[PDB]
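Okay, so here's the structure we're looking at.
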2 protein chains.
Amino acid sequence: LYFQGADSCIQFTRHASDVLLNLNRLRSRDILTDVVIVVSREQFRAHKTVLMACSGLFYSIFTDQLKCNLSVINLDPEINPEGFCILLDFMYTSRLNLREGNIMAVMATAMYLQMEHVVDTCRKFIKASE
Amino acid sequence: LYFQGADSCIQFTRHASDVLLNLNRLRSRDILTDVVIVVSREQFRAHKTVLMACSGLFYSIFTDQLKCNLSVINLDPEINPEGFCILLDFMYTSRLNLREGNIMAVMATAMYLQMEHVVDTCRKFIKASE
Ligand SMILES: Cn1c(=O)c2c(c3cc(Nc4ccnc(F)c4Cl)ccc31)N[C@@H](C1CC1)C(F)(F)CO2
Ligand SMILES: Cn1c(=O)c2c(c3cc(Nc4ccnc(F)c4Cl)ccc31)N[C@@H](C1CC1)C(F)(F)CO2
Ligand SMILES: [Cl-]
Ligand SMILES: [Cl-]
Ligand SMILES: [Cl-]
Ligand SMILES: [Cl-]
């Protein structure tokens, strides 16, 4: 349940993962979602704070004084909606569903969103298949 | 960095804790905070989604159609501000700074906020000192 942290303070082991699980439950039920991300013909509802916490691109967008208040954000029309959906799921769960058929689109999308460890992981998996 | 999850899917070990760390950085910089919690003479800015993810009381409050849009939430005047501050810090970090001088107020506050594992932990630490 808990342990003594390096700073001699009590820390709860599953707290962060349980908070992320609850944030994903709010997303699934469309509770307190405050933005819609438009990717081509697709729309994805989400929480701006989670998007900012999980992306250099969203962090830059929502810290801009003009943009921070937009309810709709349109992504570059070159972005693959399935690649975005996989990454949005990863943001809210820590699980990255990489497959042979989606890895190029996921990698291109992670580069655009500035999710650097995800890009590096995609590169390693591609390199192993070559 | 990552591992094979029980569902044969790639999982990133530090993802949840790193997201929580970024949410705490947004709180420290007052970025996208959407509510002020008033406890006696004290005010605490926060994100409603994090409060809901970390409290049965806030989950009930912000799922109410009338309340979900309030920018200010006043707590019961009996609530100790330091006890609330300690729990708000715990929500955003997983670290619970329990001390002999604050444990009764932290426990009373965790009961009011419906943070049940925190209450149980407080009870065990009190029991060990008796
Ligand atoms: C460049 N970059 C990533 O490469 C990145 C991010 C990432 C998040 C911010 N946001 C920050 C940064 C600082 N302070 C804040 F307050 C925020 Cl919100 C800025 C750049 C980022 N987030 C991780 C999340 C934490 C585990 C990710 F999902 F794995 C994708 O990787
Ligand atoms: C009764 N109760 C706690 O006792 C509790 C909560 C807690 C959170 C919700 N919120 C929920 C529930 C279901 N689905 C949602 F979508 C939400 Cl947001 C509802 C009741 C809760 N949250 C944890 C966080 C996860 C690690 C806590 F901070 F440790 C304090 O303990
Ligand atoms: Cl808008
Ligand atoms: Cl736009
Ligand atoms: Cl209000
Ligand atoms: Cl109120």
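So you can find residues: chains in the structure tokens are A, B, ... in the order shown, residues in each start at 1, and ligands are numbered from 1 in order.
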
What would you get as a tab-separated table (two decimals) with N, CA and C atoms, in the first residue's frame if chain A were moved onto chain B by least squares over all of its C-alpha atoms in order?
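Resulting contents of superposed.tsv:
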chain	number	residue	atom	x	y	z
A	1	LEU	N	12.30	1.34	-19.02
A	1	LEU	CA	11.47	2.28	-19.74
A	1	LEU	C	10.08	1.67	-19.96
A	2	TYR	N	10.05	0.49	-20.55
A	2	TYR	CA	8.81	-0.20	-20.83
A	2	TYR	C	8.94	-1.71	-20.61
A	3	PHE	N	7.81	-2.39	-20.65
A	3	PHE	CA	7.74	-3.84	-20.47
A	3	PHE	C	6.51	-4.44	-21.16
A	4	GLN	N	6.46	-5.77	-21.23
A	4	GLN	CA	5.31	-6.48	-21.79
A	4	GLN	C	4.29	-6.63	-20.68
A	5	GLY	N	3.15	-6.01	-20.85
A	5	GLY	CA	2.08	-6.11	-19.87
A	5	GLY	C	1.43	-7.48	-19.89
A	6	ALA	N	0.63	-7.78	-18.87
A	6	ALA	CA	-0.10	-9.05	-18.79
A	6	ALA	C	-1.04	-9.24	-20.00
A	7	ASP	N	-1.51	-8.13	-20.61
A	7	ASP	CA	-2.36	-8.15	-21.81
A	7	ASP	C	-1.55	-8.16	-23.12
A	8	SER	N	-0.27	-8.58	-23.06
A	8	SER	CA	0.66	-8.62	-24.20
A	8	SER	C	0.81	-7.26	-24.90
A	9	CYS	N	0.62	-6.16	-24.16
A	9	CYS	CA	0.72	-4.82	-24.72
A	9	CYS	C	1.91	-4.09	-24.07
A	10	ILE	N	2.58	-3.19	-24.80
A	10	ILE	CA	3.71	-2.43	-24.25
A	10	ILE	C	3.23	-1.45	-23.18
A	11	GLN	N	3.85	-1.44	-21.99
A	11	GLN	CA	3.48	-0.51	-20.93
A	11	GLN	C	4.70	0.28	-20.50
A	12	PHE	N	4.55	1.58	-20.25
A	12	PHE	CA	5.66	2.43	-19.83
A	12	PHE	C	5.62	2.60	-18.32
A	13	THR	N	6.65	2.09	-17.64
A	13	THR	CA	6.75	2.01	-16.19
A	13	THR	C	6.51	3.32	-15.43
A	14	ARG	N	7.17	4.39	-15.84
A	14	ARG	CA	7.09	5.66	-15.13
A	14	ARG	C	6.02	6.60	-15.65
A	15	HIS	N	5.22	6.20	-16.65
A	15	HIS	CA	4.24	7.08	-17.28
A	15	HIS	C	3.29	7.74	-16.29
A	16	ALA	N	2.57	6.95	-15.48
A	16	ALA	CA	1.60	7.53	-14.53
A	16	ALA	C	2.25	8.52	-13.55
A	17	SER	N	3.40	8.16	-12.97
A	17	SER	CA	4.07	9.06	-12.03
A	17	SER	C	4.57	10.33	-12.72
A	18	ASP	N	5.04	10.21	-13.97
A	18	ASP	CA	5.51	11.38	-14.73
A	18	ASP	C	4.35	12.28	-15.12
A	19	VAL	N	3.18	11.71	-15.43
A	19	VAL	CA	1.99	12.52	-15.72
A	19	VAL	C	1.59	13.28	-14.44
A	20	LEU	N	1.58	12.59	-13.29
A	20	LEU	CA	1.20	13.25	-12.02
A	20	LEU	C	2.17	14.38	-11.68
A	21	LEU	N	3.46	14.16	-11.96
A	21	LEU	CA	4.49	15.18	-11.74
A	21	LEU	C	4.20	16.43	-12.61
A	22	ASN	N	3.80	16.22	-13.87
A	22	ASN	CA	3.45	17.33	-14.76
A	22	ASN	C	2.18	18.04	-14.33
A	23	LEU	N	1.20	17.29	-13.82
A	23	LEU	CA	-0.02	17.90	-13.28
A	23	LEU	C	0.32	18.76	-12.05
A	24	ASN	N	1.28	18.31	-11.22
A	24	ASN	CA	1.69	19.10	-10.05
A	24	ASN	C	2.45	20.36	-10.51
A	25	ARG	N	3.26	20.27	-11.58
A	25	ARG	CA	3.95	21.43	-12.16
A	25	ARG	C	2.92	22.44	-12.68
A	26	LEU	N	1.85	21.98	-13.35
A	26	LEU	CA	0.78	22.90	-13.80
A	26	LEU	C	0.14	23.59	-12.59
A	27	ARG	N	-0.11	22.83	-11.50
A	27	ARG	CA	-0.68	23.42	-10.30
A	27	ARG	C	0.24	24.49	-9.68
A	28	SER	N	1.54	24.19	-9.56
A	28	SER	CA	2.50	25.13	-8.98
A	28	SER	C	2.57	26.43	-9.78
A	29	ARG	N	2.44	26.34	-11.11
A	29	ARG	CA	2.49	27.51	-11.97
A	29	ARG	C	1.11	28.14	-12.23
A	30	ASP	N	0.05	27.63	-11.58
A	30	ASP	CA	-1.32	28.09	-11.71
A	30	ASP	C	-1.82	28.00	-13.15
A	31	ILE	N	-1.41	26.95	-13.88
A	31	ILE	CA	-1.80	26.76	-15.27
A	31	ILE	C	-3.00	25.84	-15.40
A	32	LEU	N	-4.08	26.38	-15.95
A	32	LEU	CA	-5.31	25.64	-16.23
A	32	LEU	C	-6.07	25.19	-14.99
A	33	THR	N	-5.72	25.77	-13.86
A	33	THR	CA	-6.42	25.50	-12.60
A	33	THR	C	-7.83	26.11	-12.81
A	34	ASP	N	-8.86	25.40	-12.41
A	34	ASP	CA	-10.24	25.79	-12.71
A	34	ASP	C	-11.15	25.88	-11.49
A	35	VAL	N	-10.58	25.84	-10.28
A	35	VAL	CA	-11.37	25.94	-9.06
A	35	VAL	C	-10.50	26.43	-7.91
A	36	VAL	N	-11.13	27.09	-6.95
A	36	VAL	CA	-10.45	27.50	-5.73
A	36	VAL	C	-11.22	26.86	-4.59
A	37	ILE	N	-10.51	26.13	-3.74
A	37	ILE	CA	-11.10	25.44	-2.61
A	37	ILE	C	-10.85	26.38	-1.44
A	38	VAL	N	-11.92	26.82	-0.76
A	38	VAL	CA	-11.81	27.74	0.37
A	38	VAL	C	-11.95	26.93	1.66
A	39	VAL	N	-10.95	27.02	2.52
A	39	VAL	CA	-10.97	26.33	3.79
A	39	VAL	C	-10.68	27.42	4.81
A	40	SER	N	-11.71	27.83	5.54
A	40	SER	CA	-11.60	28.93	6.51
A	40	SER	C	-11.06	30.16	5.79
A	41	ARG	N	-9.97	30.70	6.27
A	41	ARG	CA	-9.40	31.88	5.65
A	41	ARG	C	-8.47	31.57	4.46
A	42	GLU	N	-8.23	30.29	4.20
A	42	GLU	CA	-7.31	29.86	3.16
A	42	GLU	C	-7.94	29.46	1.84
A	43	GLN	N	-7.21	29.73	0.77
A	43	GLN	CA	-7.62	29.41	-0.58
A	43	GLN	C	-6.58	28.52	-1.24
A	44	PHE	N	-7.04	27.50	-1.95
A	44	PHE	CA	-6.16	26.55	-2.62
A	44	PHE	C	-6.65	26.37	-4.06
A	45	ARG	N	-5.82	26.72	-5.04
A	45	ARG	CA	-6.18	26.55	-6.45
A	45	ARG	C	-5.83	25.11	-6.90
A	46	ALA	N	-6.67	24.53	-7.73
A	46	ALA	CA	-6.48	23.16	-8.18
A	46	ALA	C	-7.23	22.84	-9.47
A	47	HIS	N	-7.08	21.61	-9.94
A	47	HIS	CA	-7.76	21.13	-11.12
A	47	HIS	C	-8.87	20.21	-10.66
A	48	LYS	N	-10.09	20.45	-11.14
A	48	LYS	CA	-11.23	19.67	-10.71
A	48	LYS	C	-11.05	18.19	-11.01
A	49	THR	N	-10.50	17.85	-12.17
A	49	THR	CA	-10.30	16.44	-12.52
A	49	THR	C	-9.39	15.71	-11.55
A	50	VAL	N	-8.32	16.38	-11.07
A	50	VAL	CA	-7.43	15.75	-10.11
A	50	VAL	C	-8.16	15.57	-8.77
A	51	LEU	N	-8.89	16.60	-8.33
A	51	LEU	CA	-9.66	16.52	-7.07
A	51	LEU	C	-10.68	15.37	-7.12
A	52	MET	N	-11.39	15.23	-8.25
A	52	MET	CA	-12.37	14.16	-8.43
A	52	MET	C	-11.66	12.81	-8.42
A	53	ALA	N	-10.52	12.70	-9.13
A	53	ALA	CA	-9.79	11.44	-9.17
A	53	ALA	C	-9.28	11.03	-7.79
A	54	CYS	N	-9.14	11.98	-6.83
A	54	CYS	CA	-8.53	11.73	-5.52
A	54	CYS	C	-9.47	11.85	-4.34
A	55	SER	N	-10.79	11.93	-4.57
A	55	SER	CA	-11.71	12.16	-3.45
A	55	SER	C	-13.14	11.79	-3.79
A	56	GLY	N	-13.77	10.99	-2.93
A	56	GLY	CA	-15.18	10.64	-3.10
A	56	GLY	C	-16.06	11.87	-2.96
A	57	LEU	N	-15.67	12.81	-2.08
A	57	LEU	CA	-16.46	14.04	-1.90
A	57	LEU	C	-16.41	14.92	-3.15
A	58	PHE	N	-15.19	15.20	-3.67
A	58	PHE	CA	-15.06	16.02	-4.88
A	58	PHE	C	-15.66	15.34	-6.10
A	59	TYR	N	-15.61	14.00	-6.15
A	59	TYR	CA	-16.21	13.25	-7.25
A	59	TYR	C	-17.73	13.50	-7.25
A	60	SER	N	-18.36	13.42	-6.07
A	60	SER	CA	-19.79	13.69	-5.95
A	60	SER	C	-20.12	15.15	-6.28
A	61	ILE	N	-19.32	16.09	-5.78
A	61	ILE	CA	-19.57	17.51	-6.03
A	61	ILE	C	-19.50	17.87	-7.52
A	62	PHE	N	-18.41	17.49	-8.19
A	62	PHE	CA	-18.21	17.91	-9.58
A	62	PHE	C	-18.97	17.06	-10.61
A	63	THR	N	-19.63	15.96	-10.19
A	63	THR	CA	-20.55	15.24	-11.09
A	63	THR	C	-22.00	15.78	-10.95
A	64	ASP	N	-22.24	16.71	-10.01
A	64	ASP	CA	-23.55	17.31	-9.85
A	64	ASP	C	-23.69	18.37	-10.93
A	65	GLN	N	-24.78	18.34	-11.67
A	65	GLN	CA	-24.99	19.25	-12.79
A	65	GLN	C	-24.95	20.72	-12.42
A	66	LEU	N	-25.46	21.05	-11.24
A	66	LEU	CA	-25.39	22.41	-10.76
A	66	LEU	C	-23.99	22.86	-10.32
A	67	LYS	N	-23.35	22.03	-9.51
A	67	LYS	CA	-22.02	22.27	-8.93
A	67	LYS	C	-20.80	22.19	-9.83
A	68	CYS	N	-20.89	21.34	-10.83
A	68	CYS	CA	-19.78	21.08	-11.76
A	68	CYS	C	-19.23	22.36	-12.38
A	69	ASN	N	-20.04	23.43	-12.45
A	69	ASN	CA	-19.60	24.68	-13.05
A	69	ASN	C	-19.15	25.76	-12.05
A	70	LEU	N	-19.19	25.48	-10.75
A	70	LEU	CA	-18.78	26.48	-9.77
A	70	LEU	C	-17.25	26.67	-9.82
A	71	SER	N	-16.79	27.91	-9.75
A	71	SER	CA	-15.36	28.23	-9.73
A	71	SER	C	-14.81	28.25	-8.28
A	72	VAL	N	-15.69	28.33	-7.28
A	72	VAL	CA	-15.33	28.38	-5.87
A	72	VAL	C	-16.10	27.29	-5.12
A	73	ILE	N	-15.40	26.52	-4.30
A	73	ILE	CA	-16.02	25.49	-3.47
A	73	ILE	C	-15.58	25.75	-2.05
A	74	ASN	N	-16.55	25.96	-1.16
A	74	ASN	CA	-16.26	26.21	0.24
A	74	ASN	C	-16.37	24.91	1.03
A	75	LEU	N	-15.33	24.56	1.76
A	75	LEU	CA	-15.37	23.38	2.61
A	75	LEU	C	-16.01	23.72	3.96
A	76	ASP	N	-16.43	22.68	4.71
A	76	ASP	CA	-16.97	22.81	6.06
A	76	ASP	C	-15.98	23.62	6.93
A	77	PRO	N	-16.45	24.70	7.58
A	77	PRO	CA	-15.54	25.55	8.37
A	77	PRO	C	-14.78	24.84	9.49
A	78	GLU	N	-15.21	23.62	9.87
A	78	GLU	CA	-14.51	22.81	10.86
A	78	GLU	C	-13.20	22.23	10.28
A	79	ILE	N	-13.06	22.16	8.94
A	79	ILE	CA	-11.87	21.60	8.30
A	79	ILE	C	-10.63	22.43	8.55
A	80	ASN	N	-9.57	21.75	8.99
A	80	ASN	CA	-8.30	22.38	9.27
A	80	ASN	C	-7.55	22.63	7.96
A	81	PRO	N	-7.18	23.90	7.69
A	81	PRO	CA	-6.47	24.23	6.44
A	81	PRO	C	-5.16	23.48	6.21
A	82	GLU	N	-4.35	23.25	7.27
A	82	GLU	CA	-3.09	22.52	7.11
A	82	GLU	C	-3.39	21.05	6.73
A	83	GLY	N	-4.41	20.46	7.35
A	83	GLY	CA	-4.84	19.09	7.04
A	83	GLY	C	-5.26	18.97	5.58
A	84	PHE	N	-5.98	19.99	5.08
A	84	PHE	CA	-6.36	20.02	3.66
A	84	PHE	C	-5.12	20.18	2.76
A	85	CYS	N	-4.22	21.10	3.10
A	85	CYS	CA	-3.00	21.35	2.32
A	85	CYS	C	-2.16	20.07	2.17
A	86	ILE	N	-2.01	19.31	3.26
A	86	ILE	CA	-1.27	18.05	3.26
A	86	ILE	C	-1.91	17.03	2.31
A	87	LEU	N	-3.24	16.95	2.33
A	87	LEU	CA	-3.95	16.02	1.46
A	87	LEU	C	-3.93	16.47	0.02
A	88	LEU	N	-4.02	17.79	-0.23
A	88	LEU	CA	-3.96	18.31	-1.61
A	88	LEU	C	-2.57	18.00	-2.21
A	89	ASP	N	-1.52	18.17	-1.40
A	89	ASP	CA	-0.17	17.81	-1.82
A	89	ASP	C	-0.07	16.31	-2.12
A	90	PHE	N	-0.67	15.47	-1.27
A	90	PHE	CA	-0.70	14.02	-1.49
A	90	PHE	C	-1.39	13.69	-2.83
A	91	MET	N	-2.53	14.32	-3.12
A	91	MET	CA	-3.25	14.06	-4.38
A	91	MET	C	-2.34	14.22	-5.61
A	92	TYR	N	-1.55	15.29	-5.62
A	92	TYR	CA	-0.66	15.62	-6.73
A	92	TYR	C	0.73	14.98	-6.69
A	93	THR	N	1.08	14.21	-5.63
A	93	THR	CA	2.44	13.66	-5.55
A	93	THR	C	2.57	12.20	-5.11
A	94	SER	N	1.52	11.63	-4.48
A	94	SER	CA	1.52	10.29	-3.85
A	94	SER	C	2.21	10.31	-2.47
A	95	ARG	N	2.75	11.45	-2.02
A	95	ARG	CA	3.46	11.55	-0.77
A	95	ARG	C	2.61	12.18	0.30
A	96	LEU	N	2.47	11.49	1.42
A	96	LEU	CA	1.63	11.93	2.53
A	96	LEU	C	2.51	12.33	3.72
A	97	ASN	N	2.62	13.64	3.98
A	97	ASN	CA	3.48	14.12	5.06
A	97	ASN	C	2.78	14.04	6.43
A	98	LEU	N	2.62	12.82	6.97
A	98	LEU	CA	2.00	12.63	8.28
A	98	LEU	C	3.01	12.90	9.37
A	99	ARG	N	2.59	13.66	10.38
A	99	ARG	CA	3.40	13.97	11.57
A	99	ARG	C	2.50	13.86	12.80
A	100	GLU	N	3.11	13.64	13.99
A	100	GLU	CA	2.37	13.54	15.26
A	100	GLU	C	1.42	14.73	15.48
A	101	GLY	N	1.90	15.93	15.18
A	101	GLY	CA	1.12	17.16	15.31
A	101	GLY	C	0.04	17.44	14.28
A	102	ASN	N	-0.02	16.67	13.17
A	102	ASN	CA	-1.05	16.93	12.16
A	102	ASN	C	-1.96	15.73	11.87
A	103	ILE	N	-1.61	14.52	12.35
A	103	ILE	CA	-2.31	13.29	11.99
A	103	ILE	C	-3.82	13.29	12.32
A	104	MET	N	-4.25	13.90	13.45
A	104	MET	CA	-5.69	13.94	13.75
A	104	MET	C	-6.42	14.80	12.71
A	105	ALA	N	-5.86	15.97	12.37
A	105	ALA	CA	-6.51	16.86	11.39
A	105	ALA	C	-6.49	16.26	10.00
A	106	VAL	N	-5.39	15.57	9.65
A	106	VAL	CA	-5.29	14.93	8.34
A	106	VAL	C	-6.34	13.82	8.25
A	107	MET	N	-6.46	13.01	9.32
A	107	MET	CA	-7.45	11.93	9.33
A	107	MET	C	-8.88	12.46	9.25
A	108	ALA	N	-9.21	13.51	10.02
A	108	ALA	CA	-10.55	14.09	9.99
A	108	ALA	C	-10.85	14.65	8.59
A	109	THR	N	-9.86	15.30	7.98
A	109	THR	CA	-10.01	15.86	6.65
A	109	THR	C	-10.17	14.75	5.61
A	110	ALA	N	-9.38	13.66	5.71
A	110	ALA	CA	-9.50	12.54	4.77
A	110	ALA	C	-10.86	11.84	4.89
A	111	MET	N	-11.46	11.81	6.10
A	111	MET	CA	-12.79	11.23	6.29
A	111	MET	C	-13.84	12.08	5.56
A	112	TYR	N	-13.77	13.41	5.76
A	112	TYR	CA	-14.66	14.36	5.10
A	112	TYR	C	-14.51	14.30	3.56
A	113	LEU	N	-13.26	14.20	3.07
A	113	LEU	CA	-13.02	14.13	1.62
A	113	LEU	C	-13.26	12.74	1.01
A	114	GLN	N	-13.48	11.71	1.86
A	114	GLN	CA	-13.66	10.34	1.40
A	114	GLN	C	-12.42	9.82	0.69
A	115	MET	N	-11.30	9.74	1.42
A	115	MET	CA	-10.01	9.24	0.93
A	115	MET	C	-9.73	8.10	1.91
A	116	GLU	N	-10.36	6.96	1.66
A	116	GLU	CA	-10.44	5.85	2.60
A	116	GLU	C	-9.14	5.14	2.95
A	117	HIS	N	-8.23	4.85	1.99
A	117	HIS	CA	-6.94	4.25	2.34
A	117	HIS	C	-6.13	5.21	3.22
A	118	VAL	N	-6.23	6.54	2.96
A	118	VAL	CA	-5.55	7.53	3.80
A	118	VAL	C	-6.07	7.46	5.25
A	119	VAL	N	-7.40	7.40	5.43
A	119	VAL	CA	-8.01	7.26	6.77
A	119	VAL	C	-7.49	6.00	7.47
A	120	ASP	N	-7.52	4.86	6.76
A	120	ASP	CA	-7.03	3.59	7.31
A	120	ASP	C	-5.57	3.67	7.74
A	121	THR	N	-4.72	4.34	6.94
A	121	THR	CA	-3.31	4.51	7.25
A	121	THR	C	-3.13	5.36	8.49
A	122	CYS	N	-3.90	6.48	8.59
A	122	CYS	CA	-3.88	7.35	9.77
A	122	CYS	C	-4.26	6.55	11.02
A	123	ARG	N	-5.32	5.74	10.93
A	123	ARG	CA	-5.75	4.92	12.06
A	123	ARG	C	-4.64	3.97	12.54
A	124	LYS	N	-3.93	3.30	11.62
A	124	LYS	CA	-2.83	2.40	11.97
A	124	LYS	C	-1.69	3.13	12.68
A	125	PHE	N	-1.31	4.31	12.18
A	125	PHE	CA	-0.22	5.07	12.78
A	125	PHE	C	-0.61	5.59	14.17
A	126	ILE	N	-1.89	5.96	14.35
A	126	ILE	CA	-2.36	6.41	15.66
A	126	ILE	C	-2.36	5.22	16.63
A	127	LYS	N	-2.89	4.07	16.20
A	127	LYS	CA	-2.95	2.85	17.00
A	127	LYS	C	-1.56	2.41	17.49
A	128	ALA	N	-0.53	2.53	16.64
A	128	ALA	CA	0.84	2.18	16.99
A	128	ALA	C	1.43	3.10	18.07
A	129	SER	N	0.95	4.34	18.17
A	129	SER	CA	1.42	5.30	19.17
A	129	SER	C	0.70	5.19	20.52
A	130	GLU	N	-0.47	4.52	20.56
A	130	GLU	CA	-1.23	4.35	21.80
A	130	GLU	C	-0.67	3.23	22.68

Query raised in the report: Among chain B, which ones does DSSP place in strand (DSSP E or B), written as a list in words?
Result: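 So the strand (DSSP E or B) residues in chain B would be residues 2, 3, 4, 10, 11, 12, 35, 36, 37, 38, 39, 42, 43, 44, 45, 46, 72, 73, 74, 95 and 96 of chain B.
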
Requested in this report: Select from chain A everything DSSP, run on the backbone, classes as alpha helix (DSSP H), then give the selection as a PyMOL selection string.
Outcome: chain A and resi 15-28+48-53+56-62+81-93+103-113+116-129
